[PDB]
């Protein structure tokens, strides 16, 4: 029975948003007591899962770097299982894993459009959660492969449902957010509504919550297809619609998924993960 005050101190970061109107903490460097959390979770003997997809040239361009960095920085001190989804297992980079890390790898069907490869992840993750992840871990994170861990990404990020603030918009107002604005889409968020602009590159929670996130998001994806419309920012638009309707119990600051192209302002004290430079001309095969 862990209590927020037991590990979260918002006063440590007075210059940023540390609490939502629905009482959810926004985890910033300096606000968390990882030692207290590590002991707490270690006593419960938790295991944390991490899913990552790599289809096409994303495999050669990002998978090794992602996995090598995850091995070194993700939930260190706790049992972790990496779930790798690739369309070609023969191109799977097999790196050496460290203490408390293991993995499995699954061959998936490569969708023709990169937009569907990104969106289909929602369906696939749900299938795997029901098939086995729900029986293997206490918490699960789903991440994009085009990024790299830079420092400790630990238990301070765990929660029922966890959302990530997108680096470029954490200081902007909702009406400036690139939410889906067409009412015909299931991801529609009207102007005048919205809390934050979440990044689909990182989200997680308990297997139960993530199953609901991926389900619902995929239902919206399929609905739009039936109405001959596709969200401008695909699964990210749908994920934002979901988190608006079902508020996350925990949010991570941009320090947990930073884009160095922005530079490094005062608010970003310690980067835990950074974006890989975009290389669409090579890794994507369609507009």
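Residue numbers count along the first chain shown, from 1.
For the pair 130 to 138 and 108 to 116, the mean Cα B-factor is higher in 108 to 116. Relative to one another, 171 to 179 and 147 to 155 have unequal mean CA B-factors, and 171 to 179 is the one with the higher figure.
Out of 70, 52, 42, 27, the entry records its largest CA B-factor for 42. Highest CA B-factor among the listed residues (91, 78, 199, 121): 91.
Per the deposited record, the Cα B-factor of residue 58 falls in the middle third when ranked against the other modelled residues of its chain. Per the PDB record, residue ranking by Cα B-factor puts residue 238 in the lowest third of the chain. Among all modelled residues in this chain, the alpha-carbon of residue 206 has a temperature factor (C-alpha) in the middle third. Residue 190: CA B factor lies in the middle third for its chain, per the PDB record.
For residue 21, the recorded CA B-factor ranks within the highest third of the chain. Only modelled residues enter the ranking.
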